[PDB]
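Asker: What follows is a single structure, and I will ask about it in a moment.
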Amino acid sequence: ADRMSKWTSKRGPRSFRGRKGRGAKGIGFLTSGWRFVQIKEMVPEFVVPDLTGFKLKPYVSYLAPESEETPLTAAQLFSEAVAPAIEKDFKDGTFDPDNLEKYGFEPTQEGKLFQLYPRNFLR
Amino acid sequence: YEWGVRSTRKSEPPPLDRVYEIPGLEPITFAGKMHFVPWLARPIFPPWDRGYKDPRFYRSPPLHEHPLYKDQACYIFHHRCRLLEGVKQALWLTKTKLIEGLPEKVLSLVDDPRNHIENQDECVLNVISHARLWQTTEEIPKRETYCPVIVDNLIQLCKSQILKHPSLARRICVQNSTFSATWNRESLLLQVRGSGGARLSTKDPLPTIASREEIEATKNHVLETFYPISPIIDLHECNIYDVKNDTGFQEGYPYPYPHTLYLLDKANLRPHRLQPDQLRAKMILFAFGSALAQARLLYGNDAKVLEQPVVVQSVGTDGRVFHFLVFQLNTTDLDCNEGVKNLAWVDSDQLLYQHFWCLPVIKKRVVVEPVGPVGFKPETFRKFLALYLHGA
Amino acid sequence: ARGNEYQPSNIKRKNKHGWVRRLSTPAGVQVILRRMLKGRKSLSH
Amino acid sequence: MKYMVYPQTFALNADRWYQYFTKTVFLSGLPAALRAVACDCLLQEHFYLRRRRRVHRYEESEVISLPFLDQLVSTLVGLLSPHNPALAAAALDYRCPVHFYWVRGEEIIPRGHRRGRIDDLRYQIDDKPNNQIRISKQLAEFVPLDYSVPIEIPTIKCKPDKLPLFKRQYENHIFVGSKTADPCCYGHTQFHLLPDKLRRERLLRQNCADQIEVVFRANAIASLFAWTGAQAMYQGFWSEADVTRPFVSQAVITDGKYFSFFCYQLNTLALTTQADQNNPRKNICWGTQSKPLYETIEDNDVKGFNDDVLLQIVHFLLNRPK
Amino acid sequence: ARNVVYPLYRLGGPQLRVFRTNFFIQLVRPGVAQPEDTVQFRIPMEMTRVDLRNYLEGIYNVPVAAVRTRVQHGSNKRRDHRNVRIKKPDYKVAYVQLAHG
Amino acid sequence: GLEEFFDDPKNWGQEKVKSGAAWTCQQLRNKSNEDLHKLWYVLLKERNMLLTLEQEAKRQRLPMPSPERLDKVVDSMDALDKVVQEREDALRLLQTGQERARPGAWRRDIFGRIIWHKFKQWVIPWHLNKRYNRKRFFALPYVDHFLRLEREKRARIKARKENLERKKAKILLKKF
RNA sequence: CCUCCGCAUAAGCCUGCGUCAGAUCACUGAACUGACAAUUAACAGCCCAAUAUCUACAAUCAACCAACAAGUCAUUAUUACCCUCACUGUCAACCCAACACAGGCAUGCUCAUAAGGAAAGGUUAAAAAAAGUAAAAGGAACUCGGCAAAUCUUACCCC
RNA sequence: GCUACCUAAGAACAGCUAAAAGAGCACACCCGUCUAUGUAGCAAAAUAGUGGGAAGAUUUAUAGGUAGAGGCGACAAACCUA
RNA sequence: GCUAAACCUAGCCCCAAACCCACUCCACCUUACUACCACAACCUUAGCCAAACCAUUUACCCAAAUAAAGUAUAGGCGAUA
Ligand SMILES: [Mg+2]
Ligand SMILES: [Mg+2]
Ligand SMILES: [Mg+2]
Ligand SMILES: [Mg+2]
Ligand SMILES: [Mg+2]
Ligand SMILES: [Mg+2]
Ligand SMILES: [Mg+2]
Ligand SMILES: [Mg+2]
Ligand SMILES: [Mg+2]
Ligand SMILES: [Mg+2]
Ligand SMILES: [Mg+2]
Ligand SMILES: [Mg+2]
Ligand SMILES: [Mg+2]
Ligand SMILES: [Mg+2]
Ligand SMILES: [Mg+2]
Ligand SMILES: [Mg+2]
Ligand SMILES: [Mg+2]
Ligand SMILES: [Mg+2]
């Protein structure tokens, strides 16, 4: 006879308490006789770098001078990545409206391991 | 009168939107927004195929599409088959004549008092009492618990005679082994697939019981027939099969000879348990199958009368009633009814004990019958030992 | 003796007065709609 | 409410704890054509007998390893029956359960309506060994009672719960493999096969490479104490009326490739706090490292069959009551 | 990582990875007497014991032998001036048994 | 090791720890892509230390040495995440012209209100999905009256707000 | 001195007599407030590739016998199939009756306890009232009626 | 989620006599004959004692169904959240 | 002398003007707030009440305020419309 409390896996009868969980992402499946099969590949792997000889530390010196905040946009990214290559190739006759893929553009995301839309990677 | 009422079946899909009929135009459907709405038309979807294979979500080919599919129907006899006519049917299929009682050779084995084990009666009763009363924690053990354990202990008991007989060192008992044997009878294709544990395996084949004169005498006898029952009734009628004769072992297996097949009826329910007649049928076909498999291995795939017959024997039990069979396969040309016939000696309804009391019966505060086996007879164990000591 | 008419269970509570039970019929939908307009914090069990 | 003691356990360092519960000192060491029959059983399961349904890697321990161990025990006992007349008459069981129930130590209930009352800890061990051999006459002891040893019983600081161990209430059982009315009450040898969950290559996958020997050891101590413990009870001995002779049994624990051997002597059932207060007498368990029986099996032969392992199986079977 | 949509896997897929992991840990002093090898942790709900194993041995190079978890229920008994229940949040507790003794 | 869940023993229970300023978004933008990834784990370990330190103070019933550190650390990582997010977002625009990483649609729930429905991933196509087809992404007519009442309600609240604004200005004029 | 209660599971409830500090029929305290702790899976939940195809004979110690209301439990053929122990429940003196209510409340084990409990705030010994125990001689004379207490009867009539 | 009835899949019934039964005595359980207490009570129907049944048309746990111009009913105008 | 008493401002009401909000990450129609597998919507309002009962009947928002006009007309030619 309570409506206002949050509904949880603690709360039902036996069957109910089995079915619901907390938020944890499942990492396998079940087979006959309730045997759990784990898939190694479904388990997230921590991609953790080498920290040896690394100068950056978690806090910053106050002695550092202040600079104006300017966020990143597509326009300026194009200007400081693609634009110099394009204009340099515009000077000669190497540039082409077709096959501009040389500059880093891709027609499709289908083949890629890291597909941008829809996103297929974690963080 | 057709079966399956109308309400239970999958409902006939609703009639198509009338827009689809008009040849000029294509309908506006709710395909575009990826959900149902009632006002737009129902789209027709092209059938879908998962491009990759996934084991859990697998759909098998139609039955014609399987590689092993054949127009000619093979009939398979397995462990769960139950013959309608029993031994009568079994004999027909295996082309055999039965003889009541065991062979004289095996009965002569328990003739001498020497071959008897020390404290035979004491031991046998102990086996029954261990299996049937003292076994587990709970008071009254069930059949599937007591049936294999009683046989295991009776095998152990016979196996103690190694002291007396060195020949017993030349055998093993194997579990979870399988045989396959295929033949023809009036150009019906039949295949026996034998499953189940407790196969007695020896380095040496059994010598033949019956003489060549006996084998020649079988020719005059005619196989018994039953009408209007077909001899193929109660066998798994199969269109998808492969023909193979298998002894269940790879080439160069030590102990490759089938001495005895032990068969159990470890079923709790009466309807689940085979009838006595039906069980004797099962062991005939199994013994035949095991003998025929071995015959095909070393004598080839030809249909002929063998110069030296193969002997296999079998024991079938429920834990209480025992059936003993000796089988002799002397011929492989089985397609025609007339000629040389295989041989079978059978003893049936030989029960080890009449009843068993787990708990003492008290009527008016006095014990009518005490705990234990009731109506025990040792002659059935003698027969069991006789079959064990054969070929030793 | 009376008063103990409520003999509780989670299964029964949910199958009778739950969100899925509510949305199952148009009548129930309107029940939810009402509670939303009134500003109830419990729309259903 | 009793603790459920699991003989075959995933608990880290579970040998230490089991020694506490049973008051057991663990000691390192011990107190022909058989090769042909041994390797033939290996080849039977692995090679010679062909399988209709394909063998999965999870099912291999139950379908390959288990029927192998079934086979080896039954053959060796029959073959050695002329050597040892005891084994001729001996009864052997396949997957028969064994139960023992004892009390050791006390607690004060921390919370509830019974808070601050004295209570005793109950331990129940239920085990189903793959094979066991029972005899009518007791085996002779290894060492006498009051056999002082200069090695201390392990003591656990915290609650028994902190090693993952759980309390449950059910039927309290003493059982030797058969009921009381069976004359073969005394215990010869147990054969255990470890579950596929406690396999060594899985244990190498977790960082716990040092725990492979713990699993073997822990199984022995618990299951043997249970078995001898139960036998002593069938002779009328219990907590207050402690044993007047030693009760001995021996065990063979395997994973199908690696074999361990153990001998157990039970000297005392005085485990209850009141009984234990003044009693220097201890239970003793002997054991050795796991050794591979065979290196590998390819086609039709076994590579690097180690004979001494097979003989240690023989030497245990050869033991007879005097 | 938590509060992100995990990309689906089909057989023969690429190995799922995280590069920056939302999970944050506290190592806490146990309220009950423990074995010396056992150490206690407060853990995000959505974290698994598999995750915590990998987390510790990955980032901290701590070899672990065994991990067991449980979900601690925070009390909802407390009430404010407006007589409304104040919920103390539920958290996950992970016990880690270290390896190599 | 497990030891690095705690800071340097020399500064244990020191009442005050001198700590640096939180990283700025600008500073992090100058930093390399790979280097941000490395810095991010440096910030991870630091967070966990401070979180365990928070809890230990809470247990001992003592004040934390420098609680503001935690805030700084948090902010730095917020900043870092934002910086990285920006890069991904930028690249998406240049490659696909999609503003949102996860696909979705404007839909009409049964309550007749317009929602941004986010998609989920499935193995099978939508028409074959039993659970998905159970959902109603449309409003039947009976809902329209409620939509009216809802609107009217919103209007009332708004009207009330406006009035009070004016009234307040009036009294503020009489006092000044 | 009492125990027809207890211990456990289920069902229901949701931190609801653990620790520490203030604070207030009874302690100036606790079943009050705040802060801090805790319940670790082996038990239990959470399952299963496909298309055909199989499945006449109860249970009751299942034996003899005996029925009627006719009964909880089985596959085979071929194809496909190699990775492992994840997730959730686990506390308490507790639930439904507005209440710390002589009421309600399923199963297992203990059938009297090894477990769990306390009828008397202090006194005095009035009346009337409630529940007992005993009672000379008599034995229904009481009363609508042997109601009640007793005692632990017999023969009928109406329906 | 009470109660009336049904559906699915369960569970319970000691001891003693009985030619063996919708049998008899009699626990647990289910019901409520008669008396007294209670009557803002322990209780919006209880308690103490005494009684009826207690292997059956029995009792009972779980889930589902039938809805008011109606349901359900071994008909009491009974029951369908005091 | 206790218990008390006393307060002005939160806000709100009716107008006018003007056509409104639908919203970081995650989750949410299965037992909502739960990562992850082969049916469908449109269908005369009735009644209280008035008629001193009641039975035909009895005002109810339809797109310019005023006036035409409570007029023509309808109605158990009556209530009334
Ligand atoms: Mg009920
Ligand atoms: Mg758990
Ligand atoms: Mg389990
Ligand atoms: Mg007590
Ligand atoms: Mg009192
Ligand atoms: Mg008084
Ligand atoms: Mg008086
Ligand atoms: Mg008198
Ligand atoms: Mg009179
Ligand atoms: Mg008178
Ligand atoms: Mg009377
Ligand atoms: Mg009725
Ligand atoms: Mg009766
Ligand atoms: Mg009666
Ligand atoms: Mg009437
Ligand atoms: Mg009447
Ligand atoms: Mg009127
Ligand atoms: Mg009037």
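Within each chain, counting starts at residue 1; across the structure tokens, chains are named A, B, ... in the order shown, with ligands numbered 1 upward in that order.
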Just want the residues within 8 Å of ligand 8, written as a list in words, counting only C-alpha atoms (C1' of nucleotides) and all ligand atoms.
Answerer: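 Written in the requested form, the residues are residues 135, 136 and 137 of chain G.
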Asker: How would the residues just picked look written out with N, CA and C atoms (P, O5', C5', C4', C3', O3' and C1' of nucleotides) as a PDB file, in the first residue's frame?
Answerer:
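The resulting file, out-v3.pdb, is reproduced below:
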```pdb
ATOM      1  P     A G 135     -18.478 -30.557  49.146  1.00  0.00           P
ATOM      2  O5'   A G 135     -19.382 -29.862  50.253  1.00  0.00           O
ATOM      3  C5'   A G 135     -19.119 -30.083  51.645  1.00  0.00           C
ATOM      4  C4'   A G 135     -20.011 -29.206  52.474  1.00  0.00           C
ATOM      5  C3'   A G 135     -21.505 -29.387  52.230  1.00  0.00           C
ATOM      6  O3'   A G 135     -21.939 -30.499  53.002  1.00  0.00           O
ATOM      7  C1'   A G 135     -20.953 -27.076  52.335  1.00  0.00           C
ATOM      8  P     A G 136     -23.310 -31.289  52.675  1.00  0.00           P
ATOM      9  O5'   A G 136     -23.926 -31.481  54.132  1.00  0.00           O
ATOM     10  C5'   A G 136     -23.072 -31.741  55.274  1.00  0.00           C
ATOM     11  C4'   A G 136     -23.841 -31.629  56.569  1.00  0.00           C
ATOM     12  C3'   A G 136     -25.285 -32.120  56.528  1.00  0.00           C
ATOM     13  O3'   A G 136     -25.297 -33.504  56.837  1.00  0.00           O
ATOM     14  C1'   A G 136     -25.190 -29.959  57.510  1.00  0.00           C
ATOM     15  P     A G 137     -25.770 -34.571  55.742  1.00  0.00           P
ATOM     16  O5'   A G 137     -27.356 -34.473  55.821  1.00  0.00           O
ATOM     17  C5'   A G 137     -28.030 -34.674  57.073  1.00  0.00           C
ATOM     18  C4'   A G 137     -29.455 -34.203  56.973  1.00  0.00           C
ATOM     19  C3'   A G 137     -30.109 -34.427  55.619  1.00  0.00           C
ATOM     20  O3'   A G 137     -30.680 -35.717  55.591  1.00  0.00           O
ATOM     21  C1'   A G 137     -30.538 -32.217  56.353  1.00  0.00           C
TER      22        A G 137
END
```
Asker: Report the residues of chain C whose backbone DSSP state falls under helix (DSSP H, G or I), written as a VMD selection string.
Answerer: chain C and resid 10 to 17 19 to 23 26 to 38
Asker: How about saving the chosen residues, N, CA and C atoms kept, as a compact mmCIF listing (two decimals), in the first residue's frame?
Answerer:
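Contents of part.txt, as written:
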```
# COMPACT_ATOMS: atom_id res chain seq x y z
N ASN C 10 2.09 -7.81 -4.11
CA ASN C 10 2.63 -6.95 -5.15
C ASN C 10 2.08 -7.34 -6.52
N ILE C 11 2.02 -8.64 -6.82
CA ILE C 11 1.57 -9.10 -8.13
C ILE C 11 0.17 -8.56 -8.39
N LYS C 12 -0.76 -8.80 -7.44
CA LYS C 12 -2.16 -8.43 -7.60
C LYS C 12 -2.32 -6.92 -7.75
N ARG C 13 -1.56 -6.15 -6.95
CA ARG C 13 -1.61 -4.69 -6.94
C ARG C 13 -1.25 -4.15 -8.31
N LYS C 14 -0.18 -4.70 -8.90
CA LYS C 14 0.36 -4.24 -10.17
C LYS C 14 -0.52 -4.67 -11.34
N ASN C 15 -1.08 -5.88 -11.27
CA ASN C 15 -1.87 -6.39 -12.38
C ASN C 15 -3.24 -5.73 -12.44
N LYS C 16 -3.68 -5.12 -11.33
CA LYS C 16 -5.00 -4.52 -11.26
C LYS C 16 -4.95 -3.02 -11.52
N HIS C 17 -3.99 -2.31 -10.92
CA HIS C 17 -3.99 -0.85 -10.93
C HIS C 17 -2.65 -0.29 -11.42
N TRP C 19 0.37 0.82 -14.49
CA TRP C 19 0.51 1.70 -15.64
C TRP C 19 0.07 0.99 -16.90
N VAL C 20 0.47 -0.28 -17.02
CA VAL C 20 0.17 -1.07 -18.20
C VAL C 20 -1.32 -1.40 -18.20
N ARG C 21 -1.87 -1.71 -17.02
CA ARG C 21 -3.31 -1.94 -16.92
C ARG C 21 -4.06 -0.68 -17.31
N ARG C 22 -3.55 0.49 -16.86
CA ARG C 22 -4.18 1.77 -17.14
C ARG C 22 -4.27 2.03 -18.64
N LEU C 23 -3.14 1.87 -19.36
CA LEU C 23 -3.06 2.25 -20.76
C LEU C 23 -3.78 1.26 -21.65
N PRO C 26 -9.01 2.67 -23.39
CA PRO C 26 -9.15 4.12 -23.50
C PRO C 26 -9.64 4.80 -22.23
N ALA C 27 -10.52 4.10 -21.50
CA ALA C 27 -11.05 4.58 -20.23
C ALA C 27 -9.90 4.87 -19.28
N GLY C 28 -8.97 3.92 -19.19
CA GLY C 28 -7.84 4.02 -18.28
C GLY C 28 -6.89 5.15 -18.67
N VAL C 29 -6.77 5.38 -19.98
CA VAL C 29 -5.91 6.42 -20.52
C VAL C 29 -6.35 7.76 -19.95
N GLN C 30 -7.67 7.96 -19.94
CA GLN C 30 -8.30 9.19 -19.50
C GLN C 30 -8.10 9.37 -17.99
N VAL C 31 -8.08 8.24 -17.27
CA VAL C 31 -7.80 8.21 -15.84
C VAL C 31 -6.41 8.79 -15.60
N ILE C 32 -5.43 8.37 -16.40
CA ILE C 32 -4.07 8.90 -16.29
C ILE C 32 -4.07 10.39 -16.60
N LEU C 33 -4.76 10.77 -17.68
CA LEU C 33 -4.82 12.14 -18.16
C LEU C 33 -5.36 13.07 -17.07
N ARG C 34 -6.44 12.64 -16.39
CA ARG C 34 -7.05 13.39 -15.30
C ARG C 34 -6.02 13.68 -14.22
N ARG C 35 -5.33 12.63 -13.79
CA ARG C 35 -4.40 12.73 -12.68
C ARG C 35 -3.27 13.66 -13.06
N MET C 36 -2.94 13.72 -14.36
CA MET C 36 -1.84 14.54 -14.84
C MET C 36 -2.24 16.01 -14.79
N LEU C 37 -3.53 16.28 -15.06
CA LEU C 37 -4.05 17.63 -15.10
C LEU C 37 -4.21 18.18 -13.68
N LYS C 38 -4.64 17.31 -12.76
CA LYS C 38 -4.78 17.64 -11.35
C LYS C 38 -3.40 17.84 -10.71
```
Asker: Enumerate, as a PDB file with C-alpha atoms, in the first residue's frame, the complete set of residues in chain E that a backbone-based DSSP assignment places in strand (DSSP E).
Answerer:
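The resulting file, states22.pdb, is shown below:
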```
ATOM      1  CA  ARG E  17      36.142  -0.629 -25.222  1.00  0.00           C
ATOM      2  CA  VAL E  18      36.010   2.402 -22.930  1.00  0.00           C
ATOM      3  CA  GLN E  26      36.044   5.181  -2.583  1.00  0.00           C
ATOM      4  CA  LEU E  27      38.057   2.700  -0.529  1.00  0.00           C
ATOM      5  CA  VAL E  28      36.390   2.467   2.851  1.00  0.00           C
ATOM      6  CA  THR E  38      39.759  -8.355   2.169  1.00  0.00           C
ATOM      7  CA  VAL E  39      39.294  -4.651   1.355  1.00  0.00           C
ATOM      8  CA  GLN E  40      36.009  -2.750   1.069  1.00  0.00           C
ATOM      9  CA  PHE E  41      34.858  -0.283  -1.616  1.00  0.00           C
ATOM     10  CA  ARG E  42      31.895   1.949  -2.336  1.00  0.00           C
ATOM     11  CA  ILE E  43      31.046   1.504  -5.988  1.00  0.00           C
ATOM     12  CA  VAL E  64      42.868  -9.248  -7.267  1.00  0.00           C
ATOM     13  CA  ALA E  65      41.706 -12.809  -6.578  1.00  0.00           C
ATOM     14  CA  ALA E  66      38.012 -12.517  -5.659  1.00  0.00           C
ATOM     15  CA  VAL E  67      35.211  -9.914  -5.714  1.00  0.00           C
ATOM     16  CA  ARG E  68      31.737 -10.026  -4.140  1.00  0.00           C
ATOM     17  CA  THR E  69      29.083  -7.273  -4.133  1.00  0.00           C
ATOM     18  CA  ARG E  70      25.837  -6.276  -2.361  1.00  0.00           C
ATOM     19  CA  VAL E  71      23.297  -3.419  -2.562  1.00  0.00           C
ATOM     20  CA  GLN E  72      22.880  -1.441   0.665  1.00  0.00           C
ATOM     21  CA  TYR E  91      24.807   2.348  -2.725  1.00  0.00           C
ATOM     22  CA  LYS E  92      26.783  -0.742  -3.758  1.00  0.00           C
ATOM     23  CA  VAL E  93      29.429  -2.402  -1.591  1.00  0.00           C
ATOM     24  CA  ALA E  94      32.281  -4.418  -3.101  1.00  0.00           C
ATOM     25  CA  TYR E  95      34.592  -6.691  -1.122  1.00  0.00           C
ATOM     26  CA  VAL E  96      37.899  -7.478  -2.801  1.00  0.00           C
ATOM     27  CA  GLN E  97      40.127 -10.404  -1.806  1.00  0.00           C
ATOM     28  CA  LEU E  98      43.705  -9.684  -2.967  1.00  0.00           C
TER      29      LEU E  98
END
```
Asker: Check every protein, DNA and RNA residue against ligand 16, keep those with an atom at most 10 Å away (counting only C-alpha atoms (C1' of nucleotides) and all ligand atoms), and present them as a PDB file with N, CA and C atoms (P, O5', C5', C4', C3', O3' and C1' of nucleotides), in the first residue's frame.
Answerer:
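result.pdb, written as the output of this step:
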```
ATOM      1  P     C H  75     -29.330 -21.529  -2.548  1.00  0.00           P
ATOM      2  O5'   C H  75     -30.768 -21.107  -1.989  1.00  0.00           O
ATOM      3  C5'   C H  75     -30.970 -20.621  -0.629  1.00  0.00           C
ATOM      4  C4'   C H  75     -32.122 -19.631  -0.552  1.00  0.00           C
ATOM      5  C3'   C H  75     -33.526 -20.193  -0.771  1.00  0.00           C
ATOM      6  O3'   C H  75     -34.557 -19.440  -0.135  1.00  0.00           O
ATOM      7  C1'   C H  75     -33.076 -18.601  -2.431  1.00  0.00           C
ATOM      8  P     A H  76     -34.970 -19.702   1.389  1.00  0.00           P
ATOM      9  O5'   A H  76     -33.809 -18.944   2.170  1.00  0.00           O
ATOM     10  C5'   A H  76     -33.963 -18.529   3.532  1.00  0.00           C
ATOM     11  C4'   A H  76     -33.134 -17.297   3.773  1.00  0.00           C
ATOM     12  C3'   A H  76     -33.451 -16.122   2.861  1.00  0.00           C
ATOM     13  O3'   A H  76     -34.676 -15.477   3.195  1.00  0.00           O
ATOM     14  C1'   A H  76     -31.107 -16.361   3.080  1.00  0.00           C
ATOM     15  P     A H  77     -35.754 -15.135   2.043  1.00  0.00           P
ATOM     16  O5'   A H  77     -34.981 -14.053   1.166  1.00  0.00           O
ATOM     17  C5'   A H  77     -34.715 -12.763   1.743  1.00  0.00           C
ATOM     18  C4'   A H  77     -33.492 -12.102   1.144  1.00  0.00           C
ATOM     19  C3'   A H  77     -33.351 -10.622   1.506  1.00  0.00           C
ATOM     20  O3'   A H  77     -32.153 -10.166   2.136  1.00  0.00           O
ATOM     21  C1'   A H  77     -33.728 -10.910  -0.867  1.00  0.00           C
TER      22        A H  77
END
```
Asker: Which residues of chain A are close to chain I, meaning at most 12 Å apart when you count only C-alpha atoms (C1' of nucleotides), and how do they look as a PyMOL selection string?
Answerer: chain A and resi 6-9+11-13+15-17+19-29+42+123
Asker: Atoms to include: N, CA, C and O atoms. Write the selected residues as a compact mmCIF listing (two decimals), in the first residue's frame.
Answerer:
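Resulting contents of result10.txt:
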```txt
# COMPACT_ATOMS: atom_id res chain seq x y z
N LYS A 6 10.16 4.81 -4.44
CA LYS A 6 10.68 4.31 -5.70
C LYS A 6 10.60 2.78 -5.71
O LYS A 6 10.94 2.13 -4.73
N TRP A 7 10.14 2.24 -6.84
CA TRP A 7 9.99 0.81 -7.04
C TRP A 7 11.35 0.21 -7.36
O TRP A 7 12.08 0.72 -8.22
N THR A 8 11.66 -0.90 -6.69
CA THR A 8 13.01 -1.45 -6.67
C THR A 8 12.93 -2.97 -6.73
O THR A 8 11.86 -3.56 -6.59
N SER A 9 14.08 -3.60 -6.98
CA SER A 9 14.20 -5.05 -7.04
C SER A 9 14.06 -5.66 -5.65
O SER A 9 13.88 -6.88 -5.53
N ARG A 11 11.56 -5.20 -3.77
CA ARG A 11 10.21 -4.95 -3.29
C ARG A 11 9.21 -6.06 -3.57
O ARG A 11 8.29 -6.25 -2.78
N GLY A 12 9.34 -6.81 -4.67
CA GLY A 12 8.24 -7.70 -5.03
C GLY A 12 8.26 -9.04 -4.29
O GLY A 12 8.93 -9.19 -3.26
N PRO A 13 7.50 -10.06 -4.75
CA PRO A 13 7.79 -11.46 -4.44
C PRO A 13 9.00 -12.02 -5.19
O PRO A 13 9.64 -11.30 -5.96
N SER A 15 9.79 -14.01 -7.75
CA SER A 15 9.94 -13.89 -9.19
C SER A 15 10.29 -12.46 -9.58
O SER A 15 11.15 -12.23 -10.43
N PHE A 16 9.63 -11.51 -8.93
CA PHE A 16 9.82 -10.09 -9.19
C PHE A 16 11.25 -9.68 -8.83
O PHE A 16 11.84 -8.84 -9.51
N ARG A 17 11.78 -10.24 -7.73
CA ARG A 17 13.05 -9.81 -7.19
C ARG A 17 14.18 -10.29 -8.10
O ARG A 17 15.27 -9.71 -8.11
N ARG A 19 13.76 -10.51 -11.53
CA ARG A 19 13.65 -9.95 -12.86
C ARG A 19 14.29 -8.57 -12.92
O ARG A 19 15.11 -8.34 -13.81
N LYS A 20 13.93 -7.66 -12.01
CA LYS A 20 14.45 -6.30 -12.09
C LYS A 20 15.88 -6.27 -11.58
O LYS A 20 16.31 -7.17 -10.86
N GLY A 21 16.62 -5.22 -11.98
CA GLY A 21 17.95 -4.99 -11.45
C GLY A 21 18.22 -3.52 -11.13
O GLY A 21 17.31 -2.69 -11.13
N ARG A 22 19.48 -3.23 -10.84
CA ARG A 22 20.00 -1.88 -10.94
C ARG A 22 20.43 -1.66 -12.39
O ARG A 22 20.05 -2.42 -13.27
N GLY A 23 21.24 -0.62 -12.62
CA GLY A 23 21.44 -0.11 -13.97
C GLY A 23 22.43 -0.90 -14.81
O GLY A 23 22.56 -0.62 -16.01
N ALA A 24 23.12 -1.88 -14.20
CA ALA A 24 24.30 -2.52 -14.77
C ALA A 24 24.01 -3.13 -16.13
O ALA A 24 22.98 -3.78 -16.32
N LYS A 25 24.92 -2.90 -17.09
CA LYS A 25 24.78 -3.39 -18.45
C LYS A 25 25.16 -4.87 -18.48
O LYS A 25 26.26 -5.23 -18.04
N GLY A 26 24.25 -5.72 -18.98
CA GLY A 26 24.44 -7.16 -19.05
C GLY A 26 25.60 -7.55 -19.96
O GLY A 26 25.92 -6.82 -20.90
N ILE A 27 26.22 -8.70 -19.69
CA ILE A 27 27.47 -9.06 -20.33
C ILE A 27 27.43 -10.48 -20.89
O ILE A 27 28.47 -11.06 -21.17
N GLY A 28 26.23 -11.03 -21.07
CA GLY A 28 26.13 -12.35 -21.66
C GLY A 28 24.68 -12.75 -21.88
O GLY A 28 23.85 -11.89 -22.14
N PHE A 29 24.41 -14.05 -21.78
CA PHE A 29 23.06 -14.58 -21.94
C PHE A 29 22.91 -15.86 -21.12
O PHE A 29 23.88 -16.37 -20.57
N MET A 42 31.51 -8.70 -24.89
CA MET A 42 30.44 -7.87 -24.36
C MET A 42 30.94 -7.08 -23.15
O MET A 42 30.37 -6.05 -22.81
N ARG A 123 32.20 6.74 -25.36
CA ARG A 123 32.89 7.89 -24.81
C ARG A 123 34.22 8.12 -25.54
O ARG A 123 35.21 8.49 -24.86
```
Asker: At a cut-off of 12 Å and counting only C-alpha atoms (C1' of nucleotides) and all ligand atoms, what residues surround ligand 18? Please answer as a list in words.
Answerer: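 After applying the 12 Å limit, what remains is residues 49, 50, 51, 52 and 53 of chain I.
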Asker: At a cut-off of 7 Å, which residues of chain G touch chain D? Count only C-alpha atoms (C1' of nucleotides) and give the answer as a list in words.
Answerer: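 So the residues of chain G near chain D are residues 8, 18, 40, 82, 92 and 93 of chain G.
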Asker: Could I get the residue neighbourhood of ligand 5 at 10 Å, counting only C-alpha atoms (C1' of nucleotides) and all ligand atoms, as a ChimeraX atom specification?
Answerer: /G:118-121
Asker: Print the selection's residues with C-alpha atoms (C1' of nucleotides) to a file, as a PDB file, in the first residue's frame.
Answerer:
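Listed below is the output, out10.pdb:
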```pdb
ATOM      1  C1'   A G 118       6.405 -13.000  33.411  1.00  0.00           C
ATOM      2  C1'   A G 119      -0.193 -13.144  35.824  1.00  0.00           C
ATOM      3  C1'   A G 120       1.415  -9.050  41.124  1.00  0.00           C
ATOM      4  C1'   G G 121       3.163  -0.161  40.676  1.00  0.00           C
TER       5        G G 121
END
```
